[PDB]
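Novice: just the starting chains for now, same placement as in the complex:
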Amino acid sequence: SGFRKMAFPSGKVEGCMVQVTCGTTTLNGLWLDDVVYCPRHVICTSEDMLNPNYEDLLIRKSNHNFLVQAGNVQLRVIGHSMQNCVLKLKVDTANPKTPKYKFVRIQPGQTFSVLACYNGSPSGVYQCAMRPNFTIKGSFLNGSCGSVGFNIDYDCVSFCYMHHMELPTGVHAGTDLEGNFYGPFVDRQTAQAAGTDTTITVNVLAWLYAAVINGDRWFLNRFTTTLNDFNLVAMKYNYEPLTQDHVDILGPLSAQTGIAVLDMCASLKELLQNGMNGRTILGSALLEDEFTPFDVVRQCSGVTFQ
């Protein structure tokens, strides 16, 4: 009973956070096995940030220019390389708390937990989504760079995000753990703007299913819709197109509630056209788009992590 925006438990990632310092710049690093990963802009001064030639900057650095601290213990750096926009520091010590893990690149509309860190120390955890414009709506202050986003499957941590920068209107941009940016952003202190954002329709529908599961039913109507007619209405309110794959993906939730996906779509269509009339769904006065169908199943079925 109840439905909450729920993060993964963070303990397996907490054990991997370290502090990386290069001269006067400090930020967070991820220590897995004998590698520490962090944003490459740890090597820049404020001078360099406007237009850094990173390759050039790194050449002038040495192993001993990188100070890596795990709690009380300094780790000796014995090597360094750059992959895309991340720096990999080989250290002499493998992390005894390294979990089973992999690195993944997620798609827009997918969700993940962020462990916000300052000076190598966990501060807080929260769930967000990769927006269709390839930003995230995070909560990040100066010092948070190198904080990571992740999913847990059973006992395997999938790392999908590392934090690099803030963009206009207080949204955030970063990379996968191979150092490729999500979206068309660069790690440069420069004028950059995200595209116009849209609502993740398939996630809105999953959350309507969560509502029904949790006993909010008032928005169910008597109608059905075609996919074509649903999209005509959705386009008009800046919703992402719903595809047949999305319809198929919502099938398990549809079977659990006995409400056909295109019946739920007719309900959503009406909500978009007429509004909510000051009425709430799962205690929300707007439609929520940061739960995937899998997130809903997980929470409503009680999936747990080893």
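Specialist: All right, it came through fine. Numbering: from 1, shown residues only, chains lettered A, B, ... in the order given.
Novice: you'd agree residue A:207 is in a strand?
Specialist: No: using DSSP: H, G, I helix; E, B strand; the rest coil, the assignment for residue A:207 is helix, not a strand.
Novice: and it, how many neighbours?
Specialist: Using other Cβ atoms under 10 Å, residue A:207 has 23 other residues around it. Where C-beta positions appear, they are placed from N, C-alpha and C, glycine not excepted.
Novice: contact partners for it?
Specialist: Contacts for residue A:207 were tallied using Cβ atoms under 8 Å, 6 or more residues apart in numbering; they are A:281, A:282, A:287, A:288, A:289, A:291, A:296.
Novice: wait, doesn't the last one sit right on residue A:210?
Specialist: Yes: applying Cβ atoms under 8 Å, one finds residue A:296 in contact with residue A:210, separated by 4.7 Å.
Novice: list the contacts for residue A:14?
Specialist: A:115, A:122.
Novice: how near is the residue of chain A most remote from its centre to residue A:234?
Specialist: No residue in chain A sits farther from the centre than residue A:222, which is 36.4 Å out by Cα atoms, centre = their mean. Going from residue A:222 to residue A:234 by Cβ to Cβ, to the nearest Å gives 20 Å.
Novice: again, but for residue A:14
Specialist: Residue A:14 sits 40 Å away from residue A:234, going by Cβ to Cβ.
Novice: same thing with residue A:304?
Specialist: The spacing between residue A:304 and residue A:234, counted by Cβ to Cβ, is 35 Å.
Novice: who has more neighbours, these two?
Specialist: Remark: of residue A:304 and residue A:234, residue A:234 carries more neighbours, 21 against 8, as counted by other Cβ under 10 Å.
Novice: you'd agree that one is in a helix?
Specialist: Yes: assessed by three-state DSSP, residue A:234 belongs to a helix.
Novice: residue A:228 is in contact with that one, correct?
Specialist: No: applying Cβ under 8 Å as the test, residue A:234 and residue A:228 come out as separate, 10.8 Å apart.
Novice: let's add chain B too:
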Amino acid sequence: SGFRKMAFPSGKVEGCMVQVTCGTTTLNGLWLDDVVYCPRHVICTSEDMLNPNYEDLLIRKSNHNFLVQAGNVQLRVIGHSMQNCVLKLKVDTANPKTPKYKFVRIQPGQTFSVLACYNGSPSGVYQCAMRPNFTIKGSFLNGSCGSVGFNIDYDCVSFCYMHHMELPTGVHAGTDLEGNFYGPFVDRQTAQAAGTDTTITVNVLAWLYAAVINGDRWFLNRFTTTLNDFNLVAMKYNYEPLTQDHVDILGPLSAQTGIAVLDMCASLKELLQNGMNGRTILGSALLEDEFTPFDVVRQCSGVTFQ
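Specialist: Adding chain B to the chains above:
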């Protein structure tokens, strides 16, 4: 920048969570030193839960009846006692990952993080407030009992909540770690209901401060109200009275933004009387009351925990 509902890092609690099985009932326990703490209704069947005579049922229990599992490892139970609604199982092994901890009773209006567990394994983490009617709006399925609520200050875990119950309306009740219920609820199957709730005025003001810190300022106005005039209005909308102590507690946020509390209160008065008129504050179309002044200061100044 940005502002999210943020839980504490859950790792220190995760290392304390175990599974407690008695006959047909499995739920979660908290393993600290050589004691496992769990809800005493673990000892009941179904006909027991009418009005269970806990003291009598416990006498008939053997230590051997309590199957405590910590990951792959059976903990041997060597004693058992009851304190109010909590069972203390003495086991032959002290938990090596026992953090620094305290047991505290929180006040209504204050927040904490919930680590929702099933079968002694973490499922997720989220932030809650102890409501003025002594319920929490959580997300708990069958198997969740024994999940705890906590705060962390530096390296110290303050355990404030252990989960026992769902009520009608999909809200939740439980005890402190000395086993005393928050509110007038009892641990048996008997029809039980939350009293009427109220909005935590001081928390709504803190969140309006959070919004200003983040540059969301459209609702600010040049007007001022007296405290009495504010309370005349807010009380009509089922908000808690704002006291001078609340005004003092908001001092830091007031000083940080330069906006006097009684200035800010005129915004709140106007938002109550006229609604938001299609706009949002920190992405919400409703007034949020589950951030304390401290939560705002912590998240907006990046304070850290290890």
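Novice: once more on the contacts of residue A:14, this time with chain B?
Specialist: Residue A:14 is in contact with A:115, A:122, B:9, B:11, counting by Cβ atoms under 8 Å, 6 or more residues apart in numbering or on different chains.
Novice: by neighbours, which of the residues you listed wins?
Specialist: residue B:9 (29 neighbours; other Cβ atoms under 10 Å in any protein chain shown).
Novice: what's residue A:60 sitting at in phi/psi?
Specialist: Dihedral angles of residue A:60 (phi, psi; degrees, to the nearest 10) stand at phi -80, psi -10.
Novice: residues near it, how many?
Specialist: Residue A:60: 8 surrounding residues under other Cβ under 10 Å.
Novice: also residue A:190?
Specialist: 10.
Novice: stretch A:289-306: end-to-end distance?
Specialist: Stretch A:289-306 has an end-to-end distance of 28 Å (Cα to Cα, to the nearest Å).
Novice: give me the buried positions along that stretch.
Specialist: Neighbour-count burial for stretch A:289-306, counted by 16 or more other Cβ atoms under 10 Å in any protein chain shown, picks out A:289-300, A:302-305.
Novice: domain assignment for chain A?
Specialist: For chain A, CATH domains of a matching chain gives the domain ranges A:1-14+A:100-197, A:15-99, A:198-301.
Novice: hey, which of those is tucked in deepest?
Specialist: Neighbour counts (mean count of other Cβ atoms under 10 Å in any protein chain shown) averaged over each of those peak at domain A:1-14+A:100-197, with a mean of 20.
Novice: up against chain B, what does the stretch 201-306 of chain A have?
Specialist: A:214-215, A:280, A:283-286, A:299-306 (Cβ under 8 Å from any Cβ of the partner chain).
Novice: swap the cut-off to 7 Å and go again
Specialist: A:214, A:215, A:285, A:286, A:299, A:302, A:303, A:304, A:305, A:306 (Cβ under 7 Å from any Cβ of the partner chain).
Novice: ok, back up a step: does the residue farthest from the centre of chain A sit in a helix, a strand or a coil?
Specialist: Relying on three-state DSSP, one would call residue A:222 coil.
Novice: circling back: which of the residues of the stretch 201-306 of chain A next to chain B fall in helices?
Specialist: residue A:299 (DSSP state H).
Novice: I am finished for the moment; much appreciated.
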